[PDB]
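Structure first, commentary second.
A, B, ... follow the sequence lines: proteins, then strands. Residue 1 opens every chain. What you see below is based on every heavy atom in this structure, not just the backbone, and it leaves out hydrogens, waters and symmetry mates.
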Amino acid sequence: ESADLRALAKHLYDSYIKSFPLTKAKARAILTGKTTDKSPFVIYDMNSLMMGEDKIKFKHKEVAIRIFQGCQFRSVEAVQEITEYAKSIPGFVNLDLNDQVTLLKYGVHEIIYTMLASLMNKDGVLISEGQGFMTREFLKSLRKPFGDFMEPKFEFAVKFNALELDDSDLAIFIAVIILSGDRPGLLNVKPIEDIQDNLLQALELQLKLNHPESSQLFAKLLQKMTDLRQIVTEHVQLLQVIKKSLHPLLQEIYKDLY
Amino acid sequence: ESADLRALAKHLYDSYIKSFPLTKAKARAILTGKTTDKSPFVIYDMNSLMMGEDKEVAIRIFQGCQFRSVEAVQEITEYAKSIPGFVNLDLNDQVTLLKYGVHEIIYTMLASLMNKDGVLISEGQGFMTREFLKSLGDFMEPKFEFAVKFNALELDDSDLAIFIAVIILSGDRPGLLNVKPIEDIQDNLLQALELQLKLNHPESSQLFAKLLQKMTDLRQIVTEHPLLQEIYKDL
Ligand SMILES: COc1cccc(Cn2c(C(=O)O)c(Sc3ccccc3)c3cc(Cl)ccc32)c1
Ligand SMILES: COc1cccc(Cn2c(C(=O)O)c(Sc3ccccc3)c3cc(Cl)ccc32)c1
């Protein structure tokens, strides 16, 4: 069955390519300065933060807070991308609608962090679709609860990026994360795990063929999901330190994804 | 290398038997009224509890359960010594791996002594029900929910021995000095488990991943709410 595993891999990558406008390949080309196209506007200090908000578009009233809503606007945009990609996954839209919601409900945070790692090196993050680069030192230097809440994301990213996965690897990895059969409140786990079974097989082969010099990559990738679920837990906790940010209709768009 | 990987598997299993006096095989013989062993005393309520230990109750149960963690770190430590390469690692790092990896192993091995209804105590001589514990009041519910999920994998002692070695030797543990020698040991512990599951469960569909995915669920129980106070010092 090594032929349908290749065809499954490809066509998650094909849908991945169209669901997500900014890929890892493109993020690394920009980060490394590593070819033609363009250098991003760098946010290293308060004066660059304020100049970045003119030429740079921002579809999104103190400064460190103005960085939360921006990060929150953006994560909610990402949900609709992850939601579209989920639908390209063979078997997903035949699942019970309730289960589809539960898978996304719990899956989108873990996928957001995975994808946030593609835009991060140890020095900072690509923001505003590669057009910008906020430095890491500019982020530790934010106030009170804003001083961290990005810093552990970087911690995980530097470690995650060391696996040197490409977009074709991540397409399957993300699919694996969505079709996760232990989301609280799933009504029907049989097809969920039979789809995840395929994806794991497709992933195991992809890592084999794509990183043939890298012995236990499938297993080391799976261990990362234990770091992923922990980072998600302490972010949902740091957002009950940030119920202490006004809409309200924006509290009502941007409270979840969902 | 599939002779190296059988040798390693069988080495860890031997050390496992020798380190842990109550195995899962023993626990399952005791739990299912199997004949080789003797039925436990059952603690379902208050004068069962009273009659079993022949100030208050809840925190005195929490004193016992906390001390069972003591011999358990005495035993996990002894096992970790037999893991090829462990004692070669930097002294500080040996400690770092033990401190963060021990509770995840406790909960793995507590799944062996549990069913849907309760837990074995005193090397399998007693049996505390889930509801007498739910009568105190929360601290055991996640253990039981993981235990029920895990025991579905139908893992036995030879599988757990290797899987537990995989836990202890993780290079993601906060503040490891020399990460690379630790990853090197896990890599061959990883392909020894993969050979163990394909050879022991020839019919288990993608069991290897299913088991490492369960490493998530273990990490989250650990986020629960004085040789213990010195393991907890920062996590
Ligand atoms: C996984 O995709 C993303 C999810 C959330 C954010 C981002 C990039 N990004 C953005 C953005 O709006 O593009 C933002 S908001 C922003 C950036 C610069 C100036 C004002 C707002 C952001 C903030 C942090 Cl602390 C980290 C990453 C951030 C990408
Ligand atoms: C996996 O190794 C174990 C780690 C901790 C506990 C146990 C079994 N156990 C014990 C014990 O003393 O053997 C105990 S302590 C105990 C309980 C009643 C009377 C006397 C002691 C315990 C308590 C809970 Cl709430 C759950 C499991 C427990 C086993």
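- Listed by first and then second residue, the salt bridge (charged side-chain N to carboxylate O under 4.0 Å, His left out) pairs involving residues 148-159 of chain A are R136(A)-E151(A), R136(A)-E155(A), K140(A)-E151(A) (not counting sequence neighbours).
- Taken from CD in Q196(B) to CG in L193(B), the straight-line distance is 7.5 Å, to the nearest 0.5 Å.
- A distance of 8.5 Å separates CG in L163(A) from NE2 in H211(A), rounded to the nearest 0.5 Å.
- A salt bridge does not link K59(A) to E77(A): none of the charged side-chain nitrogens sits closer than 4.0 Å to a carboxylate oxygen.
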Q: List the steps and the verdict of side chain to side chain contact (heavy atoms under 4.5 Å, CB included) for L104(A) and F92(A).
A: CA-CA 11 Å; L104(A) 293 168; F92(A) 188 85; 4.0 Å; yes

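- Looking at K210(B) and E154(B), no side-chain N of the basic residue comes within less than 4.0 Å of a carboxylate O on the acidic one, giving no salt bridge.
- Remark: of the listed residues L218(B), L160(B), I167(B), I167(B) is the sole one forming a side-chain contact (heavy atoms from CB on, under 4.5 Å) with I105(B).
- Residues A202(A) and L8(A) come closest through the heavy atom pair CB-CD2, 3.7 Å.
- Taken from NE2 in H109(A) to OG1 in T233(A), the straight-line distance is 10.5 Å, to the nearest 0.5 Å.
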Q | Criterion side chain to side chain contact (heavy atoms under 4.5 Å, CB included) on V222(B) and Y107(B), from CA distance to verdict | A | CA-CA 8 Å; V222(B) 150; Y107(B) 306 147; 3.6 Å; yes

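- A distance-only check finds a donor-acceptor pair linking the side chain of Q100(A) to the backbone of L95(A) [under 3.5 Å].
- Under the 4.5 Å side-chain criterion, counting only non-hydrogen atoms from C-beta, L12(A) is in contact with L199(A).
- Annotation: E62(A), atom CD; neighbour count of heavy atoms from other residues, nucleotides and ligands within 6.0 Å is above 12.
- In terms of heavy atoms, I231(B) sits closest to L235(B) at O-CD1, 4.2 Å.
- In this structure, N210(A) contributes its side chain and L207(A) its backbone to no donor-acceptor pair below 3.5 Å.
- Of the N and O atoms on the side chains of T223(B) and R229(A), not one donor lies less than 3.5 Å from an acceptor on the other residue.
- Ring-plane geometry between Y79(B) and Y16(B) is classed as perpendicular, the angle between the planes exceeding 60 degrees on a 0 to 90 degree scale with a lower cut at 30.
- A heavy-atom distance below 4.5 Å is not found between the side chains of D227(A) and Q230(A).
- The closest side-chain heavy-atom distance from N161(A) to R28(A) is below 4.5 Å.
- With sequence neighbours left out, the side-chain contact (heavy atoms from CB on, under 4.5 Å) criterion links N188(A) to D99(A), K190(A), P191(A).
- Taking OG of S118(A) as the start and NZ of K26(A) as the end, the distance is 12.0 Å to the nearest 0.5 Å.
- Atoms CD and CG, on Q186(B) and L169(B) in that order, are 6.5 Å from each other to the nearest 0.5 Å.
- Within a 6.0 Å radius of NZ in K10(A), other residues, nucleotides and ligands contribute 12 heavy atoms or fewer.
- Side-chain atoms of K208(A) and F218(A), non-hydrogen and from C-beta on, never get closer than 4.5 Å to each other.
- Minimum interatomic distance between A64(A) and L142(A) (heavy atoms only, all atoms of both residues): CB-CD2, 3.8 Å.
- A 4.5 Å side-chain heavy-atom check between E1(B) and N188(B) finds every atom pair outside the cut-off.
- For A9(B) against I162(B), the heavy-atom pair with the smallest separation is CB-CD1, 3.6 Å.
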Contacts table for residues 119-130 of chain A: side-chain donor-acceptor under 3.5 angstrom, sequence neighbours left out:
unit_1	atom_1	unit_2	atom_2	d
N121(A)	OD1	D123(A)	N	3.0
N121(A)	OD1	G124(A)	N	2.9

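- Between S215(A) and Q191(B) the shortest heavy-atom distance is OG-OE1, 3.7 Å.
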Q) Going through the distances and angles, do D256(A) and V79(A) end up as a side chain to side chain contact (heavy atoms under 4.5 Å, CB included)? A) CA-CA 10 Å; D256(A) 258 90; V79(A) 175; over 6 Å; no

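- For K255(A) (side chain) and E252(A) (main-chain N/O), a donor-acceptor pair under 3.5 Å exists by modelled atom type.
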Q: Please step through side chain to side chain contact (heavy atoms under 4.5 Å, CB included) for the pair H60(A) and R66(A), ending with a clear verdict.
A: CA-CA 9 Å; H60(A) 97 61; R66(A) 228 154 71 244; 4.3 Å; yes

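- Using a 4.5 Å heavy-atom cutoff, the side chains of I182(B) and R173(B) are not in contact.
- Here the shortest heavy-atom pairing between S180(A) and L186(A) reads O-CD1, 3.8 Å.
- Residue-environment remark: CZ (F149(A)) exceeds the threshold of 12 foreign heavy atoms within 6.0 Å.
- Looking only at side-chain heavy atoms (C-beta outward), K55(A) and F41(A) stay at 4.5 Å or farther from each other.
- Within a 6.0 Å sphere centred on CG of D54(A), heavy atoms belonging to other residues, nucleotides or ligands number more than 12.
- No salt bridge links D169(A) with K24(A); every basic N to acidic carboxylate O contact stays at or beyond 4.0 Å.
- One finds the CD1 atom of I231(A) at 13.5 Å from the CD1 atom of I112(A) (value rounded to the nearest 0.5 Å).
- By the 4.5 Å heavy-atom criterion applied to side chains, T226(A) and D172(B) are not counted as neighbours.
- Using cut-offs of 30° and 60° for the angle between ring planes, the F156(A) and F160(A) rings count as parallel.
- Checked against the 6.0 Å centroid criterion, the rings of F146(A) and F68(A) do not qualify as a close aromatic pair.
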